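Order-wise, the sequence lines are chains A and B. My numbering applies: residue 1 is where the first sequence begins, and numbers increase by one. My numbering applies: residue 1 is where the second sequence begins, and numbers increase by one. Idealized CB from N, CA, C, for every residue including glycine.
There are 2 protein chains.
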Amino acid sequence: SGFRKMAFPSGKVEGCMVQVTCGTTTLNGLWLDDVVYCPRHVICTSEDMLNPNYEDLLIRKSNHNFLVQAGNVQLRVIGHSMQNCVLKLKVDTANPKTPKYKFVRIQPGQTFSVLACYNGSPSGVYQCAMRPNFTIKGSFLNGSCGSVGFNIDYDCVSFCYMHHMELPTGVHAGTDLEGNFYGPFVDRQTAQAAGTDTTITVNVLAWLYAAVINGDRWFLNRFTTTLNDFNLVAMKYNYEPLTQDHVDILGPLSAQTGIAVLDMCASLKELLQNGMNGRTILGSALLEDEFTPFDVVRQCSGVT
Amino acid sequence: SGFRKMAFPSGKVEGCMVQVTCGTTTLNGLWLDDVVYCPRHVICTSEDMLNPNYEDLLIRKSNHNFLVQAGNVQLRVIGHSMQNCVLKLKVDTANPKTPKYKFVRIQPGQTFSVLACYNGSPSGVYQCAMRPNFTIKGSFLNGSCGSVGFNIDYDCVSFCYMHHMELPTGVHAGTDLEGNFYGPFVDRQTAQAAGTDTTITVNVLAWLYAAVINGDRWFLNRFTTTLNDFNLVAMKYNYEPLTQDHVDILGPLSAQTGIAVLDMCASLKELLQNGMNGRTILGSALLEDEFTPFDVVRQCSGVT
Ligand SMILES: Cc1ccncc1NC(=O)C(F)(F)c1cccc(Cl)c1
Ligand SMILES: Cc1ccncc1NC(=O)C(F)(F)c1cccc(Cl)c1
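Following this line, the structure appears as structure tokens:
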């Protein structure tokens with residue numbers, strides 16, 4: 001019992017963190033096998049970030065200009081290449097701590113853990129969701145670029161995010177491990193609009209199931225609704241429209257609790273229309289959308 | 001920018017987790033140097049937990065009855081001893097992954113990360129606070145006993161908690177690493193009263209400073225208060241009385257933001273008396289008390 005915003009154990013990722021320095025700039029790199037991945041803006045000076053020509057900036061750099069340090073270990077760089085917004089620094093030594101891993105591009109609404117790092121050293125771990133607008137509401141300061149987001153299934157780390165930048169609004173933007181930004185962002189010091197965000201409906205419903213499993217049941221009511229009716233309410237309250245695909249993924253939670261997905265939708269509809277009336281659900285006074293249905297099943301069963 | 005309920009990177013602790021089995025019961029153990037620490041109820045059967053005589057139960061056990069497994073590694077047990085509510089199993093091999101560590105007894109109101117484990121395998125990491133009533137509101141299921149709470153300063157892991165039990169109310173109880181329970185709890189399957197809990201005032205104030213540092217300033221007002229006046233409000237709303245010692249530890253945050261501690265107390269007083277009026281602070285619709293002033297300074301500066 002109890003439900004927490006749980007992050008994956010970060011050990012497998014900590015073993016991969018290195019410091020990357022180029023000229024004046026230092027940030028984090030991810031060392032997997034004989035390659036170190038880091039944001040390509042490591043090659044920029046503060047003045048270059050206004051409108052950087054990365055191809056031209058990288059041409060002035062040689063292998064010996066990229067200083068890669070794994071704490072006390074100095075890595076020898078034998079190749080460098082830019083792939084989208086990431087630099088891939090080939091090193092002469094494969095990381096002995098390389099876990100089984102994959103590079104994945106996550107979907108908006110999915111969750112992942114972040115290992116916030118500074119100067120190649122881990123400082124903390126937290127769980128977050130990729131917002132429907134492709135931003136993350138993380139906790140990052142200068143020097144945190146290169147910190148990565150990941151999920152872990154059995155012994156396999158699926159890397160899904162690399163931190164690149166903080167928008168003028170205080171929200172965060174980054175790329176997949178192929179250097180493709182999530183969302184419309186560009187790695188440049190320019191004001192950039194993040195799209196209109198929405199609340200992740202399927203996740204809120206999953207968290208309402210976790211609340212019932214753990215004893216918070218006050219919000220359950222005698223009503224039901226339809227996908228059509230619920231979606232009119234979701235539209236009014238800036239929630240993602242619920243689809244049959246979302247209902248299908250809530251099947252295990254509906255099956256465990258015996259509460260039909262549309263019956264849970266009617267509880268969510270009433271909470272949207274009436275608020276929480278000064279009460280809490282799983283220690284929260286708002287509707288939480290950072291737990292996917294898989295996260296709920298995992299935490300509620302005890303998956304290691 | 002951004003503020004998250006950040007846990008310590010769990011790597012150093014993951015390397016210490018083992019599975020301990022005795023008879024029919026399996027739980028988690030912590031392997032530090034040549035000793036494995038685990039809850040003493042590993043020696044009980046379900047029937048023994050009603051009113052266990054641990055001294056008598058441990059007398060029927062020999063070194064070879066304690067099966068300790070570090071994933072694939074089987075440890076040879078050469079000694080066993082009970083210290084308060086923990087068993088210390090001396091093994092013939094020192095854990096090569098033993099980090100620099102200390103055993104500490106934390107104070108109520110302090111925070112720590114928990115590495116939730118099942119069958120000696122880590123499943124997740126989360127940050128929590130030791131409640132003023134010596135319980136923790138964790139996320140633990142059967143098999144999680146032996147999971148530990150910790151803090152990390154530089155390269156040193158200070159172990160402060162070992163999970164033992166879930167109270168009938170769904171809250172959690174455990175011990176320091178010397179096996180002394182936090183609070184009045186006994187390791188027995190009996191209904192046990194947790195004391196009246198309070199909200200950790202100094203932590204709420206610290207989190208209000210973190211909110212100002214990160215841009216959420218709507219709650220700041222033109223008022224001030226005194227320790228006496230604030231404490232009359234804290235008493236009414238079941239908050240811990242604020243002391244000069246608490247004001248002293250808020251000094252760095254008062255110094256960074258230029259907001260006097262008693263001026264922040266007047267904002268907290270108004271939030272207690274009026275509520276949040278449907279607004280949020282750092283993504284929360286309630287007053288958060290799980291961040292200490294040290295946690296705020298650490299996260300806000302980037303301590304690794
Ligand atoms: C200061 C900070 C705080 C949190 N997270 C990241 C950062 N850093 C940045 O945003 C940046 F200064 F490195 C930058 C500027 C423009 C474009 C890009 Cl790609 C990167
Ligand atoms: C079931 C569970 C869920 C979460 N956290 C822990 C547990 N387990 C327990 O409470 C227990 F059954 F092992 C137990 C019973 C009585 C006394 C003691 Cl010391 C331990």
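*Assign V171(A) to one of three DSSP states: helix, strand, or coil.*
coil
I want to verify the contact list: residues of chain B whose CB lies under 7 Å from the CB of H64(A), in sequence order. Going along chain B, no residue has its Cβ under 7 Å from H64(A), so there is no contact; the nearest lies around 27 Å.
Under 9 Å Cβ-Cβ, which residues of chain B neighbour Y118(A)? Correct list: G302, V303, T304.
- request: In the DSSP assignment, find the unbroken alpha helix (DSSP H) run with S81(B) in it and report its ends.
  value: That residue, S81(B), is in no alpha helix (DSSP H); its beta strand (DSSP E) goes 77-83.
### Message
Taking 8 Å as the cut-off, does the region 2-20 of chain A touch the region 122-132 of chain B (at least 3 CB pairs, one atom from each stretch)?
### Response
They touch, by the three-pair rule.
Notebook entry, point to check: Which residue's Cα is closest to the Cα of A94(B): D34(B), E240(B), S139(B), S46(B)?
Noted result: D34(B)
- Query: Do the region 134-143 of chain A and the region 167-184 of chain A make contact, defined as three or more Cβ pairs closer than 8 Å?
  - Reply: yes
Between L32(B), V68(B), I43(B), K5(B), which has its C-alpha nearest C156(B)'s C-alpha?
Looking only at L32(B), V68(B), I43(B), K5(B), the smallest Cα-Cα distance to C156(B) is reached by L32(B).
Considering only heavy atoms of ligand 2, does any lie closer than 7 Å to the CB of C128(B)? Flag unset: Cβ of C128(B) not near ligand 2.
| task | Could you tell me if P39(A) is buried or exposed, where buried requires 16 or more neighbouring beta carbons within 10 angstroms of its beta carbon? | result | Buried, by the Cβ-count rule.
| message | Excluding the 5 residues flanking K100(B) on each side, which residues of the same chain have their C-beta closer than 6 Å to its C-beta? | response | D155, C156
*Could you please go through the chain and list the residues whose beta-carbon is closer than 7 Å to any non-hydrogen atom of ligand 1?*
By the rule of a C-beta closer than 7 Å to any heavy atom of ligand 1, the residues picked out are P39(A), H41(A), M49(A), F140(A), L141(A), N142(A), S144(A), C145(A), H163(A), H164(A), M165(A), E166(A), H172(A), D187(A), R188(A), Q189(A), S1(B).
Starting from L115(B), find everything on chain A with Cβ-Cβ shorter than 9 Å and list it in chain order. Correct list: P9.
Kindly indicate which three-state DSSP category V247(A) falls into: helix, strand or coil?
In the structure shown, the three-state DSSP call for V247(A) is helix.
*Can you tell me the Cβ-Cβ gap for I43(A) and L57(A), rounded? I've got them flagged as a contact below 8 Å.*
With a beta-carbon spacing of about 5 Å, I43(A) and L57(A) fall inside the 8 Å limit used to define contacts.
Where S113(B) sits in the DSSP three-state scheme: Residue state, collapsed to three classes: strand.
- request: Anything in the region 260-294 of chain A with a Cβ closer than 8 Å to a Cβ of chain B? List those residues in chain order, please.
  value: Residues passing the 8 Å Cβ filter: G275, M276, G278, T280, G283, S284, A285, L286.
Note to self: Could you tell me the alpha carbon to alpha carbon distance between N228(A) and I249(B), rounded to whole angstroms?
What the structure shows: Their backbone Cα atoms lie some 54 Å apart in a straight line.
Those runs of the alpha helix (DSSP H) which lie wholly inside the region 143-230 of chain B and span at least 4 residues: 201-213
Exercise. Within 8 Å (strictly less), CB to CB, does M165(A) reach chain B?
Worked result: Closer than 8 Å to the CB of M165(A) there is not a single CB belonging to chain B.
*Going by other Cβ atoms of all chains shown within 10 Å of its Cβ, with 16 needed for buried, is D92(A) buried or exposed?*
exposed
Per-residue contacts from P122(A) into chain B (C-beta, under 9 Å):
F8, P9, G11, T304
Thinking C-alpha only, which one of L89(A), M82(A), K61(A) is nearest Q69(A)?
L89(A)
**OP:** Counting only the same chain and skipping the five closest in sequence on each side, list residues whose C-beta sits under 6 Å from that of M264(A).
**Re:** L205, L208
| query | Helix, strand or coil: which one does DSSP assign to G15(A)? | reply | coil
Every unbroken alpha helix (DSSP H) within the region 234-279 of chain B, with a cutoff of 4 residues, ordered by chain: 244-249, 251-257, 261-274
Does chain B have any CB closer than 8 Å to the CB of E55(A)? no
For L141(A) and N84(B), what's the separation of their Cα atoms in angstroms? Distance between the alpha carbons of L141(A) and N84(B): 44 Å.
- Message: Counting only beta-carbon separations shorter than 8 Å, does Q69(B) have a partner in chain A?
- Response: no
_Quick check on the burial criterion: 16 or more other C-beta atoms within 10 angstroms. Buried or exposed for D295(B)?_
Result: buried.
### Message
Mapping the DSSP letters down to three states, classify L141(A) as helix, strand or coil.
### Response
coil
In DSSP terms, what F103(A) is bridged to: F159(A)
Hey, is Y126(B)'s beta-carbon within less than 8 Å of any beta-carbon in chain A? yes
**Top-ranked residue by Cα proximity to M6(A), from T175(B), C117(B), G2(B)** = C117(B)
Next item on the list: Determine the direct distance from the alpha carbon of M49(B) to that of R188(B), and round the result to whole angstroms.
Entry: 5 Å
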